[PDB]
Number of protein chains: 6
Amino acid sequence: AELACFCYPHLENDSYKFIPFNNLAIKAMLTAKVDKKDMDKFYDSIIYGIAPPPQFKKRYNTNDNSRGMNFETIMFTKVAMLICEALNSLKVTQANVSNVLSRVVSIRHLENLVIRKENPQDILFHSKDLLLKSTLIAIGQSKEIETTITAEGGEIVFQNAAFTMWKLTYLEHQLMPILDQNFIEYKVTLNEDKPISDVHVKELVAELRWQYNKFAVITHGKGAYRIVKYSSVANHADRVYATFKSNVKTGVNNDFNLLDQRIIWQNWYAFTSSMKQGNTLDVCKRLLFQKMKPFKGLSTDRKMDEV
Amino acid sequence: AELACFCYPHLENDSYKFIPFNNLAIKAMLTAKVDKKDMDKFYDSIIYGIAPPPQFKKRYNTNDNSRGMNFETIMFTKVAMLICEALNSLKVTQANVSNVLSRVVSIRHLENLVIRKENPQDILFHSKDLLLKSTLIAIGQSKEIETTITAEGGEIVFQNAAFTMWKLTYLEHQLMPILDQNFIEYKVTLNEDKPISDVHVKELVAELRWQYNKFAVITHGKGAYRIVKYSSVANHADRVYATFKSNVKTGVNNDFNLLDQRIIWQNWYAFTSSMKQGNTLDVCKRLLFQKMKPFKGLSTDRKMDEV
Amino acid sequence: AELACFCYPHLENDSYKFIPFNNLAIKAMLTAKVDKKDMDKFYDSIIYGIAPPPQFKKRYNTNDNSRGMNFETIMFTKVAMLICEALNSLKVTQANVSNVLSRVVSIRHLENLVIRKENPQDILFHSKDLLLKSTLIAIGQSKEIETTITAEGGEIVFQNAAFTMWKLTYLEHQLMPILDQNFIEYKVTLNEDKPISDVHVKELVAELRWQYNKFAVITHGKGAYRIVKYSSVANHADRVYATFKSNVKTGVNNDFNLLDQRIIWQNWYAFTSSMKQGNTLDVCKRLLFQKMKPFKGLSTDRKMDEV
Amino acid sequence: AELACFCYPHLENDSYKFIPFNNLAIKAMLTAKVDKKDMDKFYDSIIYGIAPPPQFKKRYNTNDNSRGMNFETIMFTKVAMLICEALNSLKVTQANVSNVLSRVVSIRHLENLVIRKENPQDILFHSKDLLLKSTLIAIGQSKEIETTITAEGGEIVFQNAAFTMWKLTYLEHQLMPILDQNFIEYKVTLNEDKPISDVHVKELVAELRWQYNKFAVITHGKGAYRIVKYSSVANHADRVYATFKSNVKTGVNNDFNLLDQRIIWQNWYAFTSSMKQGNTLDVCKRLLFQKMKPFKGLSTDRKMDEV
Amino acid sequence: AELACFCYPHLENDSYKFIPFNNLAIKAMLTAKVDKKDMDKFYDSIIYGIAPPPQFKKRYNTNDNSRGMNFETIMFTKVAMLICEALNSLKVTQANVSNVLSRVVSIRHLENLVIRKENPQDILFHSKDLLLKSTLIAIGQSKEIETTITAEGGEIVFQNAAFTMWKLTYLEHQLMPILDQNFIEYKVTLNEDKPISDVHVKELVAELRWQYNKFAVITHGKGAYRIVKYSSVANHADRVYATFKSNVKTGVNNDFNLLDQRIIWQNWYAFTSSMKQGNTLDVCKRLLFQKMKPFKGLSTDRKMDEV
Amino acid sequence: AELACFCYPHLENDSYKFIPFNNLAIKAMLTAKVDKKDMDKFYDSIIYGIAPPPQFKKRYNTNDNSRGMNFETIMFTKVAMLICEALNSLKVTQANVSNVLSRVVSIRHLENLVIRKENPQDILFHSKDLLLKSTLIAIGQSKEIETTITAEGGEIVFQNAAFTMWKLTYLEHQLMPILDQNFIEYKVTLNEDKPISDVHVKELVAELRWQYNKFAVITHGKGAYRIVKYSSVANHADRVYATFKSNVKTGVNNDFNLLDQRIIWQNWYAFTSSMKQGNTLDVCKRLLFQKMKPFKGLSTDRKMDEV
C-alpha cells in the first residue's frame, strides 16, 4: 500500500511530477529475474514503460498471491491517476520524493474517492479543490482531518446535523476488496470539526444502539468513528497499536484523537487511552477483554416509536 | 406529487430559477434525523446538494414504502428538468414561489410528456414553444386546456377529424406506474377546442360502444374525456369530488367542464352535474348507482361492417 | 382430416382392428414415386410399417406445405391412438371399413379430447366409457350430441346451471393449430340436453353481450353454440352450407339444430333457417349482410354491478 | 382459511371421509353464475368434480384478487391432502361435519408441515403418528399444544435444552406467502411442555436481546413465543384481540397462555394480561404505547464473548 | 476429520452398528447453546435425529468457517454411508467404539472411494469385498497397504507393469476440496506389493523426470509415492513429522516405509530416514534445504523419442 | 502469405502507394471465372474495387479451404493497413514493385504487431517510428534484427537484463491462428543486439530447463530463439532448410545466425551448423535424431529455491 505502487517521479520542467504505471509493465516486472541490488529501483519493462521496484511484488495479486491488489483492473489506473494529480499539485522536491512515495496508505479509501469523484451528483465531481484536499488527507499529505465533505465515501445510511454515517462498500471493490463475505464496516464522520451539542450526539448514540447493537464504536484516532463487529475489535486494536509504535519508533508525532467518551465503546476508550498514556501492547489489550461496569432510555424511546 | 418534490428555487441574476434534485440527495434525506421545526425546509445533504423538505418523505419509495415514486430512475431526473424549464420560463417572484411549488400535479402526465419530448417524430421534440405550453398546463400554470397537440400522450388507438384517443401507458411507466396489472385507461382529446359536428361525434361514440363497451366515458372537467373501467368510476368519482371541495375550501374557482352530454356516461353526467350545482358527496354518489332510464343503430352498423 | 390419415384396418382375430401410423412411415411415403393406380392404397415404407394412401399427401405439412398437420409431433400419435381405441370398440365390418375411414373429422376437436383425457382432474381421465363416447361423437360415429361432459374441451371461461362456455385453445395446438394469431373462438355446450329455463338463458345472453360484444353467436347445427368474431361469420356460413350440400348430395340426413332463437345472432338464424328450408347459397348469404331490425336491460344491469 | 377451502365430506362406508378439491374445479367455480341460495353449497363443475361453495371465492387469487391463495400450485394439493388424512383419522359425524370444515386455520402453518412431512430427515417423514398429531393441533382439532417436535417448522436458527427457535419461511411460500418483502418473523417452541430452569431461560433471553434486539417477544397464547418486529405488534395485538372476542361471542373457551413474564415483552404482557382480565380493545392497546419502566448483564457477556 | 463427524454408534441386535448423521441435524447442532460438560456427547436435534458432539463444530463450514467440510452436500451423506458399511462389517465392541470413531482420517480419500464405488466401470462397483477392504485401509482399520486395486482413485495419467499413477482430483471435490486453485498432486500406487524389476522402475522414473520435472517424489510412509510441487514439500514434511510424533506419544507403532531410494527425492529420503532414526524436527527439516550432491540418460531417451 | 494478398500498387503523385483490399472484393474474386492468362493480374470486382490476382485463391479460407486466412475479419483489414503504411514510407519504384509484393511473410507476426500497435500501453502505440521499423523487419524490408522493442509480441512470461521471453498467442489469432489446440510456442528476443554476460545467460538457460524442460531451444537464424515442443523440431528443421535452399536458388544471401551454442539445443545447433556448411537435407536431419553426448547445477538451484 506504499504510494510507490502506483507511480514514479520524473523531474520535468524543473519540478517533480508523478506518472501512473501501466499494469502490463507491472505484469512484466513480476516475471523478471532481478539482480539483488536492484530490488529497490524502478523496473524498465522496455515495451510498457517503467514499473515499480521488484521489492514490492507481494503487493500485486498473481495466481499464487491473493494478499495484493488487482492491478489489472481500470480502478488501479484511476487510483493511480488520483494519487498523481494530488502529488503533482504539491511540487515535491528531491529531498522529499522517497518519503512521500514510501508512505503506506489505504487503497480502499482511495478507490472510494474515485467512486465519489466520478459521480456527477457528488461535489468532488464538481470541485477539483475539495477532491485534491480529500485525496491529500487520504495519502497522509495534509493536516486537516477527514470530515463529511472530504470523506472517503460509501453509502449514507444515517445523517444528522452533526454526523454522517457511511456503509463501507469494501466487499464490492475492484482494486482491493475485503475477501471475507461476512465483513461489514461503517464510518461516522463529523459534518464540521466544531463542538457538537448533547442532543445531536444523543441521536447518533441512539441510532448505533438500535440499528447496530452488534457493533463496537471505535476510532483509529484520525477524527472519525469506525463501526465494527465486536468480533473484530481485536485486529483493529492490533493494527492501531502497531501504527502507534511505528510513529514512536519513526519519531512521527502520534496525535491520536480519542473522540467523545460518550460514544466510543468503553473497553476501546480504555485500550486506546492506555496506549496514549504510553503503555505496552499486552497491558493495553488487557482492557478490551476486561468486562467493566460503569444517556439512557434511548432504546426504549426508539422501540416505542416503532410500535 | 407536489412540485417541491423535484426542484428547489434559487434567486440568481435577480429572478427565480429552479433546480432539479439529485436522487442521492433525496436518498440521504430519507435517512436523516430531523428536528421537528425543520420538516418544512430544504435539506442539505452536504455531499449531493439540496434535497426536498423531509415532510415529503412518503412521496418516495423505499424498502418500506411503495406508494411513492421511483426517484432513483432517469425519468425522475428528466421529469424534474421538464418542470424546471417550464417554471424558469415563468420568472416567478418571491410572492408566488411557495404556491407554485406546493402545487400537486400528476407525475404520470409529466412522464408521458417526457416520452413525447424525447421522441424525434413528435412535434414536442421540434417545438420548445408547444413543449412549454404542454408542460405549463400539466403543472397547473396555464389557463389553456389540453388538446390533442398538447396532450400528455400515449398510444393513439383511434383518431377522427375532431378527436384523438390515447391508451395511457401507465403500467409501463418508470417513475410512478400503475401497480394493478389489470389496469387499463384511455383519454380522448379534442383536436381543436371549437364546436364539433354531430357526425364526427357519432364516429367517436360508435368506436367507444363497439371497441370499449366495458368502459365508462367520464371526465375530470379539464376538457378531456377519460375512458375507465366501470369498476373504477367509484374512485374517480371520489377524487374528483375531493378536488372540487379542495378548491371550494381553497377558494380556487372550480371550472368543471361537463363536456358533451351525448358522450359522457349518463350516471357520470348526473353525479358530476350534481356536484357543480353544489351538492353533497353522498347526495352525488347516489346517482352513480341509480340505474336510470333515458344516436342509435351504431353498434348494428359497425357490426355489419365487420361481417 | 379423413380418419384414414391416422390409421389403417387389420382383420385380426376375425374382426376389424385399427393401427396408428408411424410418422417416419408417413415421412417416407411423402418422398415416394407412386404409380398412379396406387394413389388410393396403403403404402409400405418397408422400414417403418404401413403408411396412408399417397392421395392424402396434402394433409401433412412439409417444407412446401403448411395447410396440413404436424404429423411428426407426439400429439399426432396420441390423436391416432384416441381414434383407434374408439374404432376398435366398434368392431367394424368389411362392409363399413372404407366409409368410417373416409370420414373427414376435426383434428383440433380430437387434440382437445387428448388434452382432456390425459388430465387427471378431468373425468375423461377416469372414465373409458365417457372418453369413448366423447370420441365417437367427435368422429361422427355416434348419434348423441356433444354436451358439457362430452365436450371437446378448452378453458372454461363461464359456467351456469344450463351452459358451460369454453375458450378454444386452437392457437396453442401441436397437431393443427390455427395460424392467424388474431384468432379467437369460443364454444358453449349445454350441461344437459333438456329444456332450459328463461332465467338461466338470460344469464348466458347477458355474459355474451357484456364480455363478448364483438362476437357473433352461431352454431354448426350439432347442438352447441360457437362464439366467433363478426369478421368471421362469412367463412363459417360458407363451410356450414357446403356441409349441408354435401349431405344432400351424399343423401346423408341433414339434421341441423338451429338452437334457441333468443341466443343465436339474428342474421345467422336467418341464413341458417333459410338453408334448412332448402335454399341457394347466394339466397342464404344475402341475409347475413341484410341489416335487419327486430331480453333487454341486461347490459345496464351488468354495467351497474361493475360500478 | 376455512377448512372448507380444501376439501368436501362424503359419507362412504358408513362414516365421514374428506376429499381434496381439484384446482380446475375451483377455477370453474370462480367463473360461475350462481343463484343466491346456492352460495353456501358445494359446486359441481361437471368436468372436474366438486368445488368449494362460491361464498368462499375471495379465498382464491385471480387476476383481480391477491388476498387469497395460489390454489393452482402443487402445494394447494399437498396441503389439502394433509388436511384430509388428519380429518379422516377422526371419523367425524354428521353432527360435527360443518363445524370442522367451517374452522379457519393458518395456511402457512399447514404449508410448513407439508415441507416437514416431505423431508426424509424430519421425523414427521418417518411417523404418521406425529404427523397426524402435528396437523390436528394445526387445524384446531387437538388439545395438545405445539411443541418443538410438533412445530409447524421453518429454519432452526437457535436451539437450547428447553427451546427451539425457527425462522418462518413465509416469504418463500408457494400457497400463501407473505407479500411484504421486508417481513421477518420467528417462532420459539418449548422442547417439552414442562417447567424450565432459570439458566436455560437466561440463554434464550440472551440470544433474543443480542441477535434480535429490534424484535418484540410476544405470543398468541397457544404455548409458543412469536418473534416479530416492533413495527408489527400493533396488528398482532389487533388480531389476537379479535380472536379473543370471537371465542367470547362464540362461547368458545379462551385459554390464553401468557407464557413466561421474564421473556414476553413488557407492554405485550400488559396488553395481553389486560385482555384476559376481560377488558376493552381500546383499554388494552393503551398499554402497548404506554412507555413503562420496570436478568441483566446478558448483553455485556455476549458482547465480551464476541470480542 | 474424525470418524465421529459422520456417524454414531448404536448397540442393536447385541452388536455395534453405525448411523450416518443428517446434515440438518448437524445444522441444528451448530446453532445450539451447549452446557460445557456436554461438548463431548452426541447432540439430539429433536427434529432431525442425533448429531455429532458440539466439540467438533469447527469441522463443518459455515458463513464464518471455511476450514471445515461442506456437510450439506450429497457427498457428505455418501461418505458417511461408505464409512458405516465398513464399520458395521467389523462388529466393533463397547471396548473399541470411541477409539475407532475418534480416529482422524482423510475426507478426500473417502470422497475418492465414493467416486470409484459409484462408477460401474470400476471394480469397486462390482465387488463389495474390495470396496470394504479399500475403505478399511482408508479409515485406518486394516493392516494391508493401499495398492492400485484398492487405491483412493483419481484420473490414471500413467500406467506400467508395476505402477499406476493417479491425478488427485481434489480441486473438484464436493465435500472438502482443495481451495488453492494452483494445487496439483499425484499419487503412485504399486500394482502389487511384491519386488519390482529395475526396468519397470526405470520407466516410472523416466516419466516423472520428463512429464513432472517440477515435482518432488515423496511418500507418507504408507506404501505409496506422492507427487507434489517442490514448493509444497515443506508442509508435507511438517505434517508427516507430526504424525510420526503423535504415534510416538500415542505409543502407536510407527511403521514408515521409505520406499525405493532410487525414486524418492534425495532430500526427502534424508529428512524421512532421519525421522525414522528418531530425530528432532529441526534436525530433520535441515536436510530438505541442504543442497546435496550424489539411472541416467533417461531424459535424453524420452527427448529423442519425441523428436 | 505474399504481400500481394493484402494490397495493390498505385502510382499516384509520381510515386508508388499501396492500397488495402476489400474483403468483399476478394470474396467476389473467389467466385470468378478467369481466363488463364489473367491469373496473375489484379482482379476488378466492379462493385468493391480491386482484388488480388486469382492465382492466390488458396490463400483465403472458404467452405472448402481452411489452409488460408480469415480475410473477412477486421484483423485482415488492420494487417493490410499495417503493411501499406510501412510500404508507403518506402516510396518503392516500378523496378521493385513486384518483388516487394511477391515476398512471402508471416501473417501471425503481423497480427501480433497490430495487437501491439493498438495497445496504448505499448510503445508501438506511441511511436510511428518504432512501429514502422518493427513492420519493415517483419515484411523483409529491413536489415535490422528483431529485438525486444521491435518484437512481434505476445505475452511476456519471463524477462531478464538481456532477454525477454514471449508466449506466442497464435491459437487465439483472428486472421490465421494455429489450428492444433495442443500447440504451444515461445520466442526469446535480445533486449539489445550487443554482447551478453555469462550470468545473464545462465538465468535464461535456468528458466528454460526448469519451466520448459519439454521444449527444444532453436532459432530460424534471424536473431531470436524459438521455444518449441521437441515433437515439432522436425517440421521446423524442414521449413528452415527449405528457406535456406530457396535463397541459395534465389541467390539471396543466406545469413543464418546460429546464436549462442550454450543455449541452442545440441542436435539443432548441429543440424543448423551443418546446413550453413552447405550440406544436404538428408545429411542434416540425420543429426537431429543422432543421440549425442557432450552450465550445470541450475535445476538443483531452482529446485532448492522452490522448496
# chains A, B, ... in the order shown; residues from 1 in each chain; ligands from 1
$ select_by_dssp --residues "segment 194-226 of chain D" --states "alpha helix (DSSP H)" --output "MDAnalysis selection string"
chainID D and resid 198:211
$ residues_around --residues "segment 177-183 of chain F" --least-positions-apart "2" --cutoff "12 Å" --atoms "only C-alpha atoms" --output "ChimeraX atom specification"
/F:66-70,75,106-112,167-175,185-186,215,227-232
$ write_last_selection --atoms "C-alpha atoms" --output "mmCIF file, in the first residue's frame"
data_model
loop_
_atom_site.group_PDB
_atom_site.id
_atom_site.type_symbol
_atom_site.label_atom_id
_atom_site.label_comp_id
_atom_site.auth_asym_id
_atom_site.auth_seq_id
_atom_site.Cartn_x
_atom_site.Cartn_y
_atom_site.Cartn_z
ATOM 1 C CA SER F 66 -9.044 -23.992 -44.263
ATOM 2 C CA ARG F 67 -5.357 -23.666 -45.125
ATOM 3 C CA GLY F 68 -5.811 -19.968 -45.882
ATOM 4 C CA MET F 69 -6.663 -16.843 -43.887
ATOM 5 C CA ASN F 70 -9.903 -15.493 -42.488
ATOM 6 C CA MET F 75 -7.759 -8.121 -38.461
ATOM 7 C CA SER F 106 4.354 -14.345 -41.638
ATOM 8 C CA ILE F 107 0.749 -13.301 -41.111
ATOM 9 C CA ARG F 108 0.850 -14.247 -37.425
ATOM 10 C CA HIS F 109 3.839 -11.993 -36.903
ATOM 11 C CA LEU F 110 1.873 -9.148 -38.487
ATOM 12 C CA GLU F 111 -1.282 -9.770 -36.491
ATOM 13 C CA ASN F 112 0.867 -9.677 -33.386
ATOM 14 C CA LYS F 167 4.329 -16.740 -25.362
ATOM 15 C CA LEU F 168 3.053 -16.780 -28.950
ATOM 16 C CA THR F 169 -0.713 -16.260 -28.793
ATOM 17 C CA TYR F 170 -1.221 -17.913 -32.221
ATOM 18 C CA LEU F 171 -4.058 -20.136 -31.038
ATOM 19 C CA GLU F 172 -6.125 -17.069 -30.260
ATOM 20 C CA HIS F 173 -5.478 -15.271 -33.535
ATOM 21 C CA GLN F 174 -8.221 -13.920 -35.759
ATOM 22 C CA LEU F 175 -6.546 -13.872 -39.174
ATOM 23 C CA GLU F 185 5.390 -21.854 -28.889
ATOM 24 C CA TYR F 186 7.622 -19.216 -27.294
ATOM 25 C CA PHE F 215 10.805 -27.731 -25.134
ATOM 26 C CA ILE F 227 10.927 -22.360 -27.958
ATOM 27 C CA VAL F 228 9.161 -25.339 -29.498
ATOM 28 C CA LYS F 229 7.992 -28.757 -28.380
ATOM 29 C CA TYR F 230 10.541 -31.485 -29.138
ATOM 30 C CA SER F 231 7.811 -33.231 -31.114
ATOM 31 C CA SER F 232 7.904 -30.292 -33.528
#
$ interface_residues --of "chain F" --to "chain E" --cutoff "7 Å" --atoms "only C-alpha atoms" --output "list in words"
residues 210, 214, 230, 231, 232, 233, 234, 289, 291, 303, 304, 306 and 307 of chain F
$ residues_around --residues "residue 190 of chain D" --least-positions-apart "2" --cutoff "8 Å" --atoms "only C-alpha atoms" --output "ChimeraX atom specification"
/D:147-148,162-164,188,192-193,224
$ write_last_selection --atoms "N, CA and C atoms" --output "CSV table (one decimal), in the first residue's frame"
chain,number,residue,atom,x,y,z
D,147,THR,N,-45.3,-28.1,20.3
D,147,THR,CA,-44.0,-28.1,20.9
D,147,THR,C,-43.0,-28.3,19.8
D,148,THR,N,-41.7,-28.3,20.1
D,148,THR,CA,-40.7,-28.5,19.1
D,148,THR,C,-40.9,-29.6,18.1
D,162,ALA,N,-34.1,-26.3,26.5
D,162,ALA,CA,-35.6,-26.0,26.6
D,162,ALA,C,-36.3,-25.5,25.4
D,163,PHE,N,-35.7,-24.7,24.6
D,163,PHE,CA,-36.4,-24.2,23.4
D,163,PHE,C,-35.7,-24.4,22.1
D,164,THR,N,-36.5,-24.2,21.0
D,164,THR,CA,-36.0,-24.3,19.7
D,164,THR,C,-36.6,-23.1,19.0
D,188,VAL,N,-40.7,-19.5,18.7
D,188,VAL,CA,-39.9,-20.2,19.7
D,188,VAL,C,-40.8,-21.3,20.3
D,192,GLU,N,-40.2,-29.3,25.5
D,192,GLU,CA,-41.1,-30.1,26.3
D,192,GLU,C,-42.0,-29.2,27.1
D,193,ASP,N,-43.3,-29.5,27.2
D,193,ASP,CA,-44.2,-28.7,28.0
D,193,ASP,C,-44.1,-28.9,29.5
D,224,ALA,N,-46.6,-20.8,22.4
D,224,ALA,CA,-45.3,-20.6,21.7
D,224,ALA,C,-45.0,-19.1,21.6
$ atom_distance --atom1 "atom CA of residue 87 of chain F" --atom2 "atom CA of residue 116 of chain F"
18.8 Å
$ atom_distance --atom1 "atom CA of residue 142 of chain C" --atom2 "atom CA of residue 5 of chain C"
20.0 Å
$ residues_around --residues "segment 42-55 of chain A" --least-positions-apart "2" --cutoff "6 Å" --atoms "only C-alpha atoms" --output "compact mmCIF listing (two decimals) with N, CA, C and O atoms, in the first residue's frame"
# COMPACT_ATOMS: atom_id res chain seq x y z
N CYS A 5 3.60 2.11 -5.35
CA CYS A 5 2.96 1.03 -6.07
C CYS A 5 2.08 1.52 -7.21
O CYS A 5 1.56 0.72 -8.00
N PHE A 21 1.68 3.85 -13.40
CA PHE A 21 2.29 2.67 -14.00
C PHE A 21 1.29 2.03 -14.94
O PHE A 21 0.07 2.18 -14.78
N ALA A 25 3.22 -3.34 -17.50
CA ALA A 25 4.61 -3.10 -17.12
C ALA A 25 4.83 -3.77 -15.78
O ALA A 25 5.89 -4.30 -15.50
N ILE A 26 3.81 -3.72 -14.94
CA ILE A 26 3.88 -4.34 -13.63
C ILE A 26 3.91 -5.84 -13.88
O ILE A 26 4.67 -6.59 -13.25
N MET A 39 16.55 -4.58 -6.40
CA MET A 39 15.21 -4.79 -5.88
C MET A 39 14.52 -3.50 -5.45
O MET A 39 13.29 -3.44 -5.38
N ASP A 40 15.31 -2.47 -5.17
CA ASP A 40 14.74 -1.20 -4.74
C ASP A 40 14.72 -0.10 -5.81
O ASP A 40 14.48 1.06 -5.48
N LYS A 57 6.76 -6.67 -5.14
CA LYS A 57 5.99 -7.74 -5.78
C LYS A 57 4.77 -8.25 -5.01
O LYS A 57 3.68 -8.34 -5.57
N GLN F 121 -0.64 0.93 -23.96
CA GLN F 121 0.46 0.77 -23.01
C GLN F 121 1.78 0.45 -23.74
O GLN F 121 2.87 0.68 -23.20
N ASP F 122 1.66 -0.09 -24.95
CA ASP F 122 2.81 -0.48 -25.76
C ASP F 122 3.43 0.70 -26.49
O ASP F 122 2.73 1.50 -27.11
N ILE F 123 4.75 0.82 -26.42
CA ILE F 123 5.44 1.90 -27.13
C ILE F 123 4.99 2.03 -28.59
O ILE F 123 4.78 3.14 -29.07
N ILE F 149 12.29 -4.58 -28.18
CA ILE F 149 11.45 -3.45 -28.51
C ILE F 149 10.73 -3.57 -29.86
O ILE F 149 9.61 -3.07 -30.01
$ atom_distance --atom1 "atom CA of residue 160 of chain A" --atom2 "atom CA of residue 199 of chain A"
10.6 Å
$ residues_around --residues "residue 242 of chain E" --least-positions-apart "5" --cutoff "9 Å" --atoms "only C-alpha atoms" --output "list in words"
residues 237, 247 and 281 of chain E
$ residues_around --residues "residue 137 of chain D" --least-positions-apart "4" --cutoff "10 Å" --atoms "only C-alpha atoms" --output "list in words"
residues 132, 133, 141, 142, 143, 144, 145, 146, 150, 151 and 152 of chain D
